[PDB]
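All remarks here apply to the structure that follows.
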2 protein chains.
Amino acid sequence: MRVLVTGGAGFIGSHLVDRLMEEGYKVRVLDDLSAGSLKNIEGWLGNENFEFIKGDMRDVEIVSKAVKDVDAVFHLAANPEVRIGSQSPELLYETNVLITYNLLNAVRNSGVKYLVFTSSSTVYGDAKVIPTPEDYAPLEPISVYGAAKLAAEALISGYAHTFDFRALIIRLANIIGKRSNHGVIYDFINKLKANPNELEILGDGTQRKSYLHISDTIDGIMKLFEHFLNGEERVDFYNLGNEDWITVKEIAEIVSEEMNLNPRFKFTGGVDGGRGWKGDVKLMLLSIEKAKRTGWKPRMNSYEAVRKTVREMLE
Amino acid sequence: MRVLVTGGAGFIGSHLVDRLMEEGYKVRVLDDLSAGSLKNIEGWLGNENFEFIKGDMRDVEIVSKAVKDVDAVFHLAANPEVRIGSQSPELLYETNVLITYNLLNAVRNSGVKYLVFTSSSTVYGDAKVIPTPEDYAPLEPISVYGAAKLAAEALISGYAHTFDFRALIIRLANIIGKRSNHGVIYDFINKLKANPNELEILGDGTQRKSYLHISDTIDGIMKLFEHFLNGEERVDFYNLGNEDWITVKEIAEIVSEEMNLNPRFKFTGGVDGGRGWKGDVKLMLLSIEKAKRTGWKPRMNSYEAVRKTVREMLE
Ligand SMILES: NC(=O)c1ccc[n+]([C@@H]2O[C@H](COP(=O)([O-])OP(=O)(O)OC[C@H]3O[C@@H](n4cnc5c(N)ncnc54)[C@H](O)[C@@H]3O)[C@@H](O)[C@H]2O)c1
Ligand SMILES: NC(=O)c1ccc[n+]([C@@H]2O[C@H](COP(=O)([O-])OP(=O)(O)OC[C@H]3O[C@@H](n4cnc5c(N)ncnc54)[C@H](O)[C@@H]3O)[C@@H](O)[C@H]2O)c1
């Protein structure tokens with residue numbers, strides 16, 4: 001199968017590229033390298049089944065060229081930084097809504113049969129039902145990022161129905177592991193490398209969120225994709241997260257422990273009731289019953305995934 | 001209170017303007033007259049409480065000008081309802097996502113405290129539960145128009161939470177009445193005026209939809225708005241439709257009757273199972289229990305609304 005991975009030079013994208021290349025897919029990566037790096041995929045350069053295109057998906061000609069002769073698109077290009085929402089909403093809109101719109105216009109009449117989209121738990125906002133099922137509603141995102149992800153899902157559904165392709169929408173929890181350059185673990189490790197004596201923690205440390213290691217995440221994406229390929233649904237919605245959750249404070253403790261440091265935790269007290277920033281969801285735990293029906297399950301719980309990520313990042 | 005009505009020269013917007021002006025609001029209209037008309041609101045020019053701005057919401061400067069010194073925005077500007085099947089994805093994206101995005105960016109730098117948005121039943125797609133409640137999910141719109149409306153809702157919710165204003169999202173069923181130049185009744189009347197002997201009906205005539213007369217619709221918008229003003233919800237979702245529904249064939253019969261005509265009905269059979277066009281939902285009936293708890297209820301059922309609309313249009 002011929003596949004396009006947008007954002008394939010990024011964190012999740014490069015691990016996905018690795019898996020697809022190792023299973024004999026013909027893989028084209030489209031990435032503007034605004035956050036990704038060729039280093040994440042450099043072992044594949046020159047491989048006859050691999051092609052890399054450096055291009056900004058704001059440019060419709062580049063997107064139309066990248067979808068040509070492709071059977072499936074894994075659309076992982078985005079700016080995933082929730083924190084920047086109250087300073088740079090334009091960036092989040094452009095890199096989540098606008099470029100997905102461009103992709104969808106390119107996909108129309110292109111012979112692409114499948115579109116896999118990495119959405120986010122943030123589409124649920126402060127979800128009132130926990131663990132949160134895929135049919136939870138009203139969907140009320142509280143960040144510009146979660147709103148942009150939800151808007152992208154909507155456009156995908158409408159285009160899939162109108163121009164006859166199939167869409168797999170995967171709402172990810174927090175994904176951590178090697179090659180990650182955003183999120184709380186990354187922030188904590190680099191802060192403690194700069195100053196081992198103190199740790200600036202945004203918010204009050206009580207935010208509880210489900211974490212998945214990249215290995216379980218890629219396994220789950222492939223399991224869902226293969227199940228989807230064999231199914232009949234035009235648009236399919238799946239949560240992908242862990243069975244449990246962990247607090248920001250516990251993450252700081254694990255990071256400190258693995259670095260053999262004992263810093264003073266400096267909690268900023270946050271906003272809107274201890275959130276780290278405007279739009280930061282306080283409680284997140286996705287139901288994964290639907291994903292588990294495919295046979296997938298995480299091998300590591302949230303605490304193990306955090307500890308493994310820290311160890312990997314310090315080596 | 002000072003309010004801005006985008007699309008205020010259109011069908012619903014001009015009736016809303018009438019009501020707000022009669023209740024002593026200071027009203028500003030923003031409309032590019034792409035589908036609306038000066039005739040719908042010209043009677044208010046010269047009133048010291050009324051201002052008209054002819055401007056395209058693709059223009060960020062005019063939107064920024066229009067939100068100045070405004071307390072509430074009623075955002076009714078959108079793609080026209082006339083033949084939505086034949087409208088291109090680019091037009092739908094620009095007139096639903098793009099101009100809403102421009103509005104939200106203007107609002108974050110203003111004194112706007114409330115944003116009311118007329119969304120559409122089409123965000124529900126082919127809902128499996130009928131009457132369809134506000135918490136129906138997964139939302140899987142089947143047209144680019146329904147997807148674009150859902151994208152606008154998402155952006156509104158995220159901006160509301162991030163930039164501290166309150167949003168009232170009202171999902172409208174089919175709205176009919178005087179000044180409407182869209183939809184099946186208007187098309188049927190003009191077709192029978194051109195040729196009284198035959199009526200070409202798109203689709204199979206069995207599409208069943210909830211119709212609300214404009215008078216009930218404005219009553220409901222105001223009831224929900226006043227209730228929302230007295231509440232604390234940051235973002236609130238309401239359906240606004242009728243208790244019942246009616247088929248295209250029945251509407252054609254009513255139109256013929258009120259015109260004293262007896263034409264031959266020629267059903268084209270449509271597409272995708274008798275739909276009038278690609279992406280036309282076959283069955284639509286919104287649950288209005290939530291709205292009815294505010295004390296609102298439709299005075300006219302779908303049949304009465306159709307009959308009154310026909311009489312008004314023939315005047
Ligand atoms: N990492 C997480 O915890 C997480 C959680 C939920 C969802 N997601 C989603 O998963 C996907 C991957 O995220 P990630 O964490 O690997 O982020 P990342 O930033 O590492 O990867 C995203 C890639 O997109 C590329 N990109 C950005 N804008 C682009 C543009 N205009 N044109 C082309 N390429 C562009 C970047 O260069 C980057 O390589 C995204 O859709 C993200 O929203 C991630
Ligand atoms: N009429 C219905 O049955 C129905 C059903 C569901 C939702 N709605 C929604 O209700 C709202 C009003 O619909 P309506 O039936 O009154 O439609 P309408 O076309 O009569 O009113 C929309 C108005 O917006 C204006 N407009 C469009 N694009 C603009 C732009 N870029 N800048 C400025 N003005 C612009 C048009 O000139 C028009 O006056 C819309 O949001 C529509 O999607 C209507």
Side-chain angles (χ1 to χ4, degrees), chain B residues 7 9-15 31-42 76-88 91-92 95 120-122 143 145 172-217 242 245-271 274-282 284 300 302-315:
Chain B
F11 159 53
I12 303 184
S14 65
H15 285 278
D31 200 304
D32 69 349
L33 306 183
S34 59
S37 67
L38 219 46
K39 290 182 171 67
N40 290 335
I41 54 170
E42 73 194 352
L76 275 62
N79 67 285
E81 288 277 302
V82 192
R83 302 177 188 188
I84 282 191
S86 45
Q87 296 181 9
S88 81
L91 170 59
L92 296 178
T95 55
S120 161
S121 69
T122 57
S143 60
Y145 165 78
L172 295 179
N174 283 15
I175 312 307
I176 53 170
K178 218 163 201 292
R179 305 173 192 163
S180 182
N181 59 13
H182 77 275
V184 60
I185 295 177
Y186 181 73
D187 286 341
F188 284 180
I189 288 172
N190 287 324
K191 276 170 178 171
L192 289 170
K193 283 177 70 175
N195 179 13
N197 298 319
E198 276 158 8
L199 186 45
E200 184 191 327
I201 305 182
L202 296 173
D204 60 2
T206 64
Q207 312 105 285
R208 228 188 310 256
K209 301 185 170 184
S210 198
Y211 282 77
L212 214 47
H213 189 255
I214 183 61
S215 60
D216 287 322
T217 305
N242 218 314
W245 50 4
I246 190 186
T247 66
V248 173
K249 185 189 185 65
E250 289 171 295
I251 292 171
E253 294 167 355
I254 294 172
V255 168
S256 303
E257 212 172 341
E258 291 298 314
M259 297 179 72
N260 322 113
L261 301 172
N262 191 18
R264 294 178 296 271
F265 295 161
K266 305 189 285 173
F267 299 97
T268 74
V271 286
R275 308 172 185 269
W277 47 89
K278 192 95 177 100
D280 177 56
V281 169
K282 293 180 183 185
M284 182 269 292
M300 286 169 280
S302 289
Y303 299 78
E304 296 162 339
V306 170
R307 191 96 56 189
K308 179 176 185 55
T309 300
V310 178
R311 289 193 273 101
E312 288 173 328
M313 282 179 171
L314 297 180
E315 299 171 346

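Naming: A, B, ... by sequence-line order, numbering from 1 per chain. Hydrogens, waters and symmetry mates are skipped; everything else that's a heavy atom, side chains included, is used.
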> So which heavy atom on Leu202(B) is nearest to which on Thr268(B), and how close?
Replying inline: CA-OG1, 3.7 Å
> Under a 4.5 Å cut-off applied to non-hydrogen side-chain atoms, are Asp216(B) and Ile175(B) in contact?
Replying inline: no
> Any donor and acceptor pair, going by atom type alone, linking the side chain of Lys278(B) with main-chain N or O of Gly85(B) inside 3.5 Å?
Replying inline: no
> Do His213(B) and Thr309(B) come within less than 4.5 Å of each other through their side chains, counting heavy atoms only?
Replying inline: yes
> Do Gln87(B) and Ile84(B) have side-chain heavy atoms sitting under 4.5 Å apart?
Replying inline: yes
> Would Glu81(B) and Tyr145(B) count as a side-chain contact (heavy atoms from CB on, under 4.5 Å) if you check the C-alpha gap in whole Å, the side-chain angles of each, and the deciding distance to 0.1 Å?
Replying inline: CA-CA 10 Å; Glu81(B) 288 277 302; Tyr145(B) 165 78; 2.9 Å; yes
> Taking all atoms of both residues into account, what is the closest heavy-atom pair of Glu200(B) and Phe188(B), and its distance?
Replying inline: O-CE2, 4.4 Å
>> Measuring only between side-chain heavy atoms, which start at C-beta, is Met300(B) closer than 4.5 Å to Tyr211(B)?
In response: no
> When rounded to the nearest 0.5 angstrom, what is the spacing between CD in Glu304(B) and CZ in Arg307(B)?
Replying inline: 9.0 Å
>> Please enumerate all residues that pass side-chain contact (heavy atoms from CB on, under 4.5 Å) together with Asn40(B), with sequence neighbours excluded.
In response: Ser14(B), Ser37(B), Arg179(B)
>> Between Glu258(B) and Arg311(B), does the side-chain contact (heavy atoms from CB on, under 4.5 Å) criterion hold? Intermediate values first, please.
In response: CA-CA 7 Å; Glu258(B) 291 298 314; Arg311(B) 289 193 273 101; 3.7 Å; yes
> If you measure from CD1 on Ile12(B) to CD1 on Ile176(B), what distance do you get to the nearest 0.5 Å?
Replying inline: 11.0 Å
Please tabulate, one pair per line, all N/O donor-acceptor pairs under 3.5 Å involving side-chain atoms of residues 259-267 of chain B, not counting sequence neighbours.
| from | atom 1 | to | atom 2 | distance (Å) |
| --- | --- | --- | --- | --- |
| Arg264(B) | NH2 | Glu198(B) | OE2 | 2.7 |
| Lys266(B) | NZ | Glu198(B) | OE1 | 3.0 |

> At their closest point, which heavy atom of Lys178(B) faces which heavy atom of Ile214(B), and how far apart are they?
Replying inline: N-CG2, 4.5 Å
> What are the two closest heavy atoms between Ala35(B) and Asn181(B), and how far apart are they?
Replying inline: O-ND2, 3.6 Å
>> Would you say that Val248(B) contacts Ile201(B) through its side chain, given a criterion of any heavy-atom pair below 4.5 Å between the two side chains?
In response: yes
> Which pair of non-hydrogen atoms, one from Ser302(B) and one from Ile246(B), has the smallest distance, and what is that distance?
Replying inline: CB-CG2, 3.9 Å
> Under 3.5 Å, side chain of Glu253(B) to main-chain N/O of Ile251(B), donor-acceptor pair present?
Replying inline: no
> Any side-chain heavy atom of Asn174(B) sitting closer than 4.5 Å to one from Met284(B)?
Replying inline: yes
>> One pair to check against side-chain contact (heavy atoms from CB on, under 4.5 Å): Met313(B) and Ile185(B). What are the steps and the verdict?
In response: CA-CA 9 Å; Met313(B) 282 179 171; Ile185(B) 295 177; 3.8 Å; yes
> Is it true that a side-chain atom of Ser210(B) and a backbone atom of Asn242(B) form a donor plus acceptor pair closer than 3.5 Å?
Replying inline: yes
> If you measure from the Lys or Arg side-chain nitrogens to the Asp or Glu carboxylate oxygens, is any gap between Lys209(B) and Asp280(B) under 4.0 Å?
Replying inline: yes
> Would you call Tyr186(B) and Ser180(B) a side-chain contact if the rule is heavy atoms closer than 4.5 Å?
Replying inline: no
> Hey, does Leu192(B) have a side-chain heavy atom less than 4.5 Å from the side chain of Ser256(B)?
Replying inline: yes
>> To the closest 0.5 Å, what do you measure between CG (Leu212(B)) and OG1 (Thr217(B))?
In response: 3.5 Å
> Without hydrogens or angle criteria, can the side chains of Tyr303(B) and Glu250(B) be said to hold a donor-acceptor pair below 3.5 Å?
Replying inline: yes
